[PDB]
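One chain follows as structure tokens, the form deposited in one PDB entry.
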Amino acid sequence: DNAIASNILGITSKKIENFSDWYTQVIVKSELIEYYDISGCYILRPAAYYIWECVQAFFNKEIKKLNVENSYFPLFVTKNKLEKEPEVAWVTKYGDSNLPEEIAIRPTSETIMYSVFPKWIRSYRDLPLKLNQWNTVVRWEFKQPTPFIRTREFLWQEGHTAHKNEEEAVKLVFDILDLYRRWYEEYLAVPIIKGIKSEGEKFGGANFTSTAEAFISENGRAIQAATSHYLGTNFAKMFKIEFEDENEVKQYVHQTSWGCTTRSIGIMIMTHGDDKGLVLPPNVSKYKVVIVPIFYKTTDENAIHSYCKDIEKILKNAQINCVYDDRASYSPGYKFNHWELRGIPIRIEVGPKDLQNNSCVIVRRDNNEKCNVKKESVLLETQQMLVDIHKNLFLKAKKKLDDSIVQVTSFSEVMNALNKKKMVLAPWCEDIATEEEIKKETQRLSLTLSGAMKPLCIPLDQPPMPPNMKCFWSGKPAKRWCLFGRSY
């Protein structure tokens, strides 16, 4: 429990050698996650919840442009109402007395909301209806949990809309999907692959499911990053959500729903984190800069302290939040590891020579590259470097994603691509019967998580398909290229 020894040790598992232990150490030592006495439930500490507040402000600002309004619906669903559509958590008593009708924690708010929609929708003048919630949902599974990405309770947003026809809803589905892209690219520097889910992997209530897929290249696992469904009139028939149209004729509404969870944070940690600890894209880090003082003698102490307070004022006047670790009990080297492990994008060092030159040293977190900068240039160099740190993080990640995809044309090359922690891009006939056949065979040939291969998504960005190409599995005419891989 010695501070210096713990500081020098940092993360002690190498990301590439022991990924599972590497991930646990990072989330605990960078002060993101705390554990709890109920399995599969975790505490979001400030540094983690700050990230959620950043993406929440962005997604709010964007869905307002689509005229989507936030709201809040009850945490509880009556058994009577939920079972009008079996791992839900059930409230059965208050104090010591049983409830006459059991009560479920929402796993999602479909039945809670769509049950009231008919009261709000009477004619076309009431459409479209566009609602969003920021809440938690509970799903009591006994699979092995994993912080951020696979938990019994998790924070998310769920948005639900209803439209007068199909095209206006289908357009909204993909408009939201691109906001999920920007959520991951512009804020978490994580590249995703837009696609359509296979028939066997889509949401049971949707006509189609569009998805944003991410890939964890260190363990070879694909993970769904966000989702956006076109529900059609399926839920309008269940709940009788009708309206009178412009011709005075009763019609069903066309609905969409879409969500993104704190799994996005987990994906971001697994992408950018290195053997030093957390690595934060500037847009989700509270402190963009850490100012560390360095003292050669005891005489230059009052000057360097004042010089660091000048740089702090320069950055904070430009609304660039920072922190000046003026603690006298720790060495500069200690502070370097301290804030590197916590993922601060930029470190500014001020020493005696840097003060004699009226300059400073600015170190990047992603690649540890240093450069000397004049004091009057500190603000401009910091601004451009925060932008380049993001771009570098994203481009390096997009490289790892692209290199994780092996385009194949026969099944005889599938197992070799899987065992190299990759996913295959294969031409597929999209027949639903083949989805389980591919799972059973890929896991059979694999010799804890599963070894089976499942249809991840059919990408929107389709490679050229020669009109005579056949399915990599059945040999029947192929329809589109499909990503297949191992998942959680």
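Only residues modelled in both forms are compared. The first residue of the sequence shown is number 1, and the count goes up from there. The term rigid core refers to the most C-alpha atoms you can superpose between the two forms while keeping them within 1.5 Å.
Asks: If we scan the other compared entries, does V88 go without coordinates in at least a third?
Replies: Yes.
Asks: In at least one third of the other PDB entries compared, is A104 left unmodelled?
Replies: Counting only entries that model residues on both sides, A104 is unresolved in at least a third of them.
Asks: Neighbours in the displayed sequence, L447 and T448 may still hide a gap; how many deposited residues lack coordinates there, none, 1 to 3, 4 to 9, or 10 or more?
Replies: Some 4 to 9 residues are missing between them.
Asks: Just how many deposited residues go unmodelled from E85 to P86: none, 1 to 3, 4 to 9, or 10 or more?
Replies: Missing in between: 4 to 9 residues.
Asks: If you average the CA temperature factors as listed in the entry, which stretch comes out higher, 296-304 or 97-105?
Replies: The recorded data point to 296-304.
Asks: Is the mean CA B factor in the deposited entry higher across 370-378 or across 219-227?
Replies: Mean CA B-factor is higher for 370-378.
Asks: Between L75, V190, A417, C260, which carries the biggest CA temperature factor in the record?
Replies: Going by the entry's C-alpha B-factors, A417 comes out highest.
Asks: So among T136, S115, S359, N165, who wins on Cα B-factor in the entry?
Replies: Top of the list by C-alpha B-factor: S359.
Asks: Among the modelled residues of this chain, does the Cα B factor of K439 put it in the lowest, middle or highest third?
Replies: Its C-alpha B-factor belongs to the highest third of this chain's values.
Asks: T271's Cα B-factor: lowest, middle or highest third of the chain?
Replies: Lowest third.
Asks: Quick check on the deposited entry: does the C-alpha B-factor of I432 sit in the lowest, middle or highest third of its chain?
Replies: For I432, whose C-alpha B-factor we compare with every modelled residue in the chain, the answer is the highest third.
Asks: When the deposited Cα B-factors of this chain's modelled residues are ordered and cut into thirds, is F142 in the lowest, the middle or the highest one?
Replies: Tercile = highest for this residue's CA B-factor.
Asks: Please place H338 in the lowest, middle or highest third of its chain according to the CA B-factor in the PDB entry.
Replies: Lowest third, going by the recorded CA B-factors of the chain.
Absent from the display: the form deposited in another entry. The rest refers to it.
Asks: Upon rigid core superposition, which of the listed residues (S71, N368, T299, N321) is displaced by 2 angstroms or more at its Cα between this form and the one not shown?
Replies: Single residue meeting the criterion: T299.
Asks: When you overlay the rigid core, is the Cα of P455 off by 2 Å or more between this form and the one not shown?
Replies: No; that C-alpha moves by less than 2 Å between this form and the one not shown.
Asks: Tell me, please, whether between this form and the one not shown the C-alpha of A57 is shifted by 2 Å or more, with the rigid core used for superposition.
Replies: It does not, since the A57 C-alpha is displaced less than 2 Å between this form and the one not shown after the core fit.
Asks: At a 2 Å cut-off on C-alpha positions, does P427 qualify as shifted between this form and the one not shown after fitting the rigid core?
Replies: Shift at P427: below 2 Å after core fit.
Asks: Taking the rigid core as reference, which runs of at least three consecutive residues show Cα movement of 2 Å or more between this form and the one not shown?
Replies: Once the cores are aligned, runs 36-42, 75-78, 109-111, 151-154, 297-299 are those whose C-alphas move by at least 2 Å.
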